[PDB]
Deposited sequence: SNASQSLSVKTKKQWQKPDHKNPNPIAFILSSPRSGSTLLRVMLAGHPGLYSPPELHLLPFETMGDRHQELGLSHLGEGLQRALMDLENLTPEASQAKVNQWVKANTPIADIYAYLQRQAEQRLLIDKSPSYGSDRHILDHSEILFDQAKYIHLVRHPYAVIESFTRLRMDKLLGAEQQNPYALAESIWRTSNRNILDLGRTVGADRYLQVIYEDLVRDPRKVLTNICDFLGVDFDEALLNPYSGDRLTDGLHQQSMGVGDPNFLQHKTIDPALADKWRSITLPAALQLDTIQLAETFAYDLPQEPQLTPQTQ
């Protein structure tokens, strides 16, 4: 299904946090929400759709995409009912997704809008929509150890569930890597979850340099103030700090069978060790 090419591409900066699910993407986006020069809301889920009509047809009842309501409430001092009504009106008007991004960029004012998604990378065609819509999109590719993702995906009953979890990690990571190769290092940055949790100050400083903002201490305190956490990780609020022990989860795990040959090659590209 071909993407509608806008009359004029969006020249305004935007950034995405792309990863496989269960990779610390909620932690990273919540860390980023503390920065005063960035706007990092819960999952907008806009990129896979052409218009708000397609989005409504595909999503429907599902709670996925409710982050757009939360964003609007926060950006405009709206109630849930008033937020939903703004969404319902866009739906009725079959409002192009290109317009929703330009709207949020406007409502974010000077702040750099960050669209975090653990599912956009599952389909190369979804990722292709960004290069069609934007001139200056930046991509943060957050990567986690395949064993840690598989174990976590298994536990959460997100679904052989082990083969599907491996497939999703591999598919996403390969698609995001391929996107990164097409755009410059100027518009793509790999972030290793294991490095983020062991030294968040060093990693978040690199992310800030990439996004063109200064480092702010609030980045290190995801559990303080309103960061719009009230989808994403359902267990997120079960932690007190940036937990470095969660990185070493891949060490106490033995999967029912060996990883596939291309899953191994891809994991080696990110310097991971596989026993």
Regions of the deposited sequence not represented in the model:
1-12, 172-179, 251-258, 304-313
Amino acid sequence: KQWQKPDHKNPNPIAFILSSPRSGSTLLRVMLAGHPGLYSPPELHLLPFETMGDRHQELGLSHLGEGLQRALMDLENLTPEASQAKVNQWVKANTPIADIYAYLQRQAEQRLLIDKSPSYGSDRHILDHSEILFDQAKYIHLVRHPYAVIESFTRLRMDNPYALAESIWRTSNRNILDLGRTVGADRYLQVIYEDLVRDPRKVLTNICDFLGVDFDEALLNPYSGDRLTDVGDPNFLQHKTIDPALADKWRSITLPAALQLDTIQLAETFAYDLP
From here on, numbers count along this sequence of modelled residues.
Comparing 246-254 with 204-212, the higher average Cα temperature factor in the PDB entry belongs to 246-254
Per the PDB entry, mean CA B-factor is higher for 63-71 or 27-35, namely for 63-71
In terms of CA temperature factor as recorded, identify the highest of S119, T154, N173, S167.
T154
Going by the CA temperature factor in the entry, name the top one among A85, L113, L189, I97.
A85
Taking the chain's C-alpha temperature factors as the reference, tell me which third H45 falls into: lowest, middle or highest.
lowest
Ranked against its chain, the third holding the CA B-factor of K92:
highest
Using the B-factor values recorded in the entry, state whether the Cα atom of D199 falls in the lowest, middle or highest third among the modelled residues of its chain.
middle
Could you tell me which third, lowest, middle or highest, the C-alpha B-factor of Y139 occupies within its chain?
lowest
On the chain's distribution of Cα B-factors, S130 falls within the third called lowest
